[PDB]
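Overview (structure and organization)
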Amino acid sequence: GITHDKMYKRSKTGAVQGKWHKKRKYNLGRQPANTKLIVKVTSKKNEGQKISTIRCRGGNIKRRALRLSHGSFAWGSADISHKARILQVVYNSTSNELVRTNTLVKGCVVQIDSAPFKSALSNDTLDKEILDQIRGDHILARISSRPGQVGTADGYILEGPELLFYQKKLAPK
Amino acid sequence: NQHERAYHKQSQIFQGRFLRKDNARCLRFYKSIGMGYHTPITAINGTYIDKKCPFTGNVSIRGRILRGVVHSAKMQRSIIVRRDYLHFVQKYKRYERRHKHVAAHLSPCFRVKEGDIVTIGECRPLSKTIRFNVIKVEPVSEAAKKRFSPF
Amino acid sequence: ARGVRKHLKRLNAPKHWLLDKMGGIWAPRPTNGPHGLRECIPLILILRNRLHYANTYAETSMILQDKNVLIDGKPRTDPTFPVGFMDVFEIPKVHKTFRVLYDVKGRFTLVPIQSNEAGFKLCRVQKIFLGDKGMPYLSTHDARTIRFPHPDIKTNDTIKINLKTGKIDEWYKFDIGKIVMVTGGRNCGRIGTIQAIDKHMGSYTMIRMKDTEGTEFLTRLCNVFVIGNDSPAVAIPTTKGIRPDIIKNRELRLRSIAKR
Amino acid sequence: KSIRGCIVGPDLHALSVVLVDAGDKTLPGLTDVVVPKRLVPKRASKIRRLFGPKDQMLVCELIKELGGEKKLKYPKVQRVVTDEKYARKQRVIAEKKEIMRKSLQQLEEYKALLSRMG
RNA sequence: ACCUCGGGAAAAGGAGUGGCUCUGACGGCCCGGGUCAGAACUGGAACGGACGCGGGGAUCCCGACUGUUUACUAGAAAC
RNA sequence: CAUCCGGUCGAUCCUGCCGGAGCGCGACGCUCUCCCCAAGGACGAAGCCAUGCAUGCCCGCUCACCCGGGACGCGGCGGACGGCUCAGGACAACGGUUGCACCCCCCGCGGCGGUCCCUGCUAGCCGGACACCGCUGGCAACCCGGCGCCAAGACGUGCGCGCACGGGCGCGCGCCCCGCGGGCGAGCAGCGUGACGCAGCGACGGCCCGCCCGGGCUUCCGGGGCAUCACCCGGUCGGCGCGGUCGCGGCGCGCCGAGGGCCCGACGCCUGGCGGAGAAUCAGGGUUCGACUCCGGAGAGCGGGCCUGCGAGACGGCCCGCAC
RNA sequence: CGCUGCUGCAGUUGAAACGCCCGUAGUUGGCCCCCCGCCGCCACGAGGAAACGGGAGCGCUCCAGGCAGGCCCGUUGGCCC
């Protein structure tokens, strides 16, 4: 019964708009997916990453992710891409309450294990700052994929002014 | 600017471009608008972001391109364009001047004061009331009278 | 609401179909296929009304079930199969084959053709699009889809389909001077040379074409179908889209009714 | 619809009990009856079980579809390769290659058409 | 409701409230305040957990009111 | 397809209403020789319903005591169309006009066709298994239990062409602008390359791809009465970041601002309010109605909620409360 | 019923000029430039439903009708709205 029609909403003036129809299955919206992480592998290993699949109007299926673990992350200015497990979620624009639960949302800044990206550090002088993150086992990456709309969490390693901005916000914690 | 709780970047411009030199240094994406309109210099030279701005953002101009005066610039990067028009009644062959208000997105590239003529161009439903986006502005004087104009 | 409509009311049905108001409370519901309802006419209507070969819908189904008629060379059993411009309706058992074109008054007309003419049918490319790994495809008015077209062909350029090998034969490109036949609206059913094409950037390219009566008709690119270069190419109806006016048709009607 | 629970209780009308083991005992029902199942295998693997194209290798009854003239009754075999069937699949596999072959040929021509123009 | 427009009014009539674990606000020039929000999570269905601390409404009669009054039987509508 | 005439007076001329004169379209009375066409429980009860009836067809897959009848089931396709009514709803539906560079779609038609692996492939063709059915039963009725055999263009699995390729991801034009095209008015597609993923059909090679037809929203302009309704709104109005959706959007949620609407009548309220195409009457101008034939909308006693499917918030589907 | 009045009502006395002045919204504005740009504006298009209403033709025996008919404009069923 969750619906995205504007029949139940007011006008520009703020006038009540009379309802002329009952709910439509063409206007329905499904409940939101909380894409948690398998962060605590100790007691979360008992549930492998699970991606559900929901039928949609047209019969086309949208895979929706319930629990995720790893996604393709790419260092663009180095052309180094590897599948990396997501260690932790930090700093979301929508709410920092989400960050506590680790629920993944497109645009959340995550931390990924640098062990897959180890070869790039040995390759000489790739960028500068990102190399230090590879030397320490945590690299910041933004999830660029919508978990729950494709059931995947791929992303990009943060670089440039964006990396600095995110780090500055996360400096005290 | 820590208070900005989210980094705002043009989607097309890879963040890495700001480093290195000039090989693929386009640091700005400016798209030609069609229907014979010219790109403002402030979209090319601008340092603003704005997804809704037609020239430097992910919005398309298609459909009716009406023109109207600016009722007010009070909203955040938006204007309520007032467009005047005449409605004819046949029984009394006299007409009735009728006015409508339409919300429009104002690009930072443009700067409008109330009363200015703005050529709004139709765009994707961008908000509850915004389905039009300013495509060009021509300035008007401080005080020249309200003047009914149905251009 | 809910899904699709599988019924057509008689007065809703297109005027050109010329169905009787008191003839029925329902009209054939035209099916989907190569032509749309506004730009089609059901196979049952050609056989029941103009041909009169089958007295009732039931007889038309019996004939179709036995594959008596073949359109485009293929025997089709659809009573409601959509039929439109340049479709070759050939009934071999009766020994008579004709094309389906447009009359000056806009009703679809059966125009007799020779065996060479029967073989090929003209087509109009709506546009060329990239799909399935990037191969180009051209979509004809008859919805026939042709992969890998020759590069010169553009949007709105008439081409000719072999219909035996079903491939492109030749291209008569749309340009100033080339003879065209209007397919829709007030000037539907008129063959004229193109005087000019108005670009009208933004929407509705509007073209002006004039027949040999010195009268120019102004019609947008949507219903302009090229029929050969300066030559009319494929055989055209006897009136030849010359635009008979109402007063002139009044005299013609009176001569016909003079005969008893 | 109202259903009843798996636990059995003092009130009851019908209980259905399969037998894991009767025991050495002899019961007039279940030890004095051996069931001759009416139906017989109608598939390729099932025909190759009881009797080890094997269409003729089936027992035959004389019953009509609806129930002096008697039709010898054979239940139709299924999943058995006919010689035309094997052939039918064989030409579709060849047809699939032909579709690839024609597309393979059309592809070189189209690459060439752009190349010859430039 | 009513009103001398000040009141009535804390009207009536409700909802929340604990502990822990956090996250924002707010100054000065890395240094201070401990108040105000917003969350989770937890508890026999609990939290102003003692204590402190209006029952409420509708009227009628007198006296406008705050005042004062028979020490020691009237605190009033009396003065 | 332009008209008047009786009634204020002792008389008279006015203004002014009153009443007649015409046509409808419903009722009511009286009466009716035939034939043709033709409305018919809409009118403040969208009150309640007894009965019978309105949705089937197929023959894919026959070991049902005629035959190759084509029971029954299983499968398949339709039941979402159509019919019915006007309760709801007054910047709405609806009508013309746009858009989707913000989309979804069965059939049909015309195309296109390749599907990594390691294992596990049987590919001359693979597993099991469910009714129908046989028996054993429980039912007041409804309704179903258990046991055993057996089939599919049903099901489960998989043969398969590392330019094998569903989704999503990262990257890959500019130099003031605009002047070829795969394709536009519009930087849009497509793909090249890396990381992911291994989805679909592949057991009588269809996935996909257009067009259509339908849908969803979208622009513009029109879209009641009341001032004894003058101020109104507070997700209200914008911006951002997400989620959700077929998608776009306060649509929802955070976050941040303070908008937004209004004598060119906002907001409220009422409507014995479906709207148009149209209809009645009619010099010209006009007035009133539009349930009802076509089109779009909305609802099946009332609120809700769902499943199936390509499409239903379906009621001759389900589930719940509520009356009956 | 020109008793709703845009055509097209009436306000000295029949009903009816606010007691007066200022006054914003609203509505209304003298004369002037020929030769361009927008606005209305007029004409003619195009585009999209028929039925209906007109309206061509046709003797349903007339008629309300209907698209007919008859060796026939590729018989018709035009066209306007």
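In terms of determination method and resolution, the entry is listed under cryo-EM at 3.33 Å.

If you check the shell around RNA strand G, you find 46 residues, and the closest are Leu11, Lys21, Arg107, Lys259 and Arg260 of chain C. Within 4 Å of the protein, the atoms of RNA strand G are drawn from sugar and phosphate moieties in a proportion of 72%. Within the side chain of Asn223 of chain C, an N or O atom sits 3.4 Å from a phosphate oxygen of RNA strand G. Taking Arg260 of chain C, its main chain carries an N or O atom lying 2.8 Å from a sugar or linking oxygen of RNA strand G. Elements with a minimum of two residues in the surface near RNA strand G: β3 (95–105) of chain B together with β17 (216–220) and α4 (246–258) of chain C.

Time to look at the interface of chain A and chain B. With 22 residues of chain A at the interface, the matching set in chain B holds 14 residues. Of the roughly 1400 Å² buried between chain A and chain B on both sides combined, carbon and sulfur atoms contribute 57%. Seen at the junction of chain A and chain B, the total is zero salt bridges. Here the side of chain A that touches chain B gets seven residues from one element, more than from any other, and that element is helix α5 (residues 160–170) of chain A.

Once that is clear, we can look at unusual backbone geometry. Residues and elements named next belong to chain C. Of note in this structure, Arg2 is not a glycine but carries a positive phi near 55°. Tracing the sequence through the fold places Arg2 in the segment before β1 (41–42). Residue classification places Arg2 among the exposed positions, given a relative accessible area of 91%. A positive phi angle, near 60°, is found at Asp72, a position not held by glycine. Note on placement: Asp72 falls in the loop between β2 (70–71) and β3 (74–75).

Turning our eyes to something else, we now look at the side chain of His21 of chain A. Mapped onto the elements, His21 of chain A comes out in the segment before β1 (36–37). The contacts of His21 of chain A, once residues within four sequence positions are left out, are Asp5, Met7 and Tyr8 of chain A.

Working note: regular strand, side chains alternate between the two faces of the sheet. Residues and elements named next belong to chain A. Taken across its five residues, strand β6 (residues 109–113) has four buried, putting it largely inside the fold. Bridge count for strand β5 (residues 80–90) against β6 is four bridges, and the pairing is antiparallel. Looking across to β6, one finds that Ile86 is bridged to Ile112. Direction of pairing for β6 relative to strand β7 (residues 138–143): antiparallel, over a ladder of five bridges. Within the sheet, the bridge partner assigned to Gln111 lies in β7 and is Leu140.

Reading the values: the criteria
Residues numbered from 1 in each chain as written, not as in the entry; some residues may be left out. Chains lettered and ligands numbered in written order. Part of a larger assembly, values for the part shown. Heavy atoms only, no water. Near = heavy atom within 4 Å. Polar contact = N/O pair within 3.5 Å; in protein donor to acceptor, adjacent residues only side chain to side chain. Helix = DSSP H or I, 4+ residues; strand = E, 2+ residues; numbered from the N terminus. Contact = heavy atoms within 4.5 Å. Buried area = accessible area lost by both parts, 1.4 Å probe. Salt bridge = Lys/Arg side-chain N within 4 Å of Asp/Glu carboxyl O. Buried < 20%, exposed > 50% of the residue type's maximum accessible area, 1.4 Å probe, protein only. Pairing = 2+ DSSP bridges.

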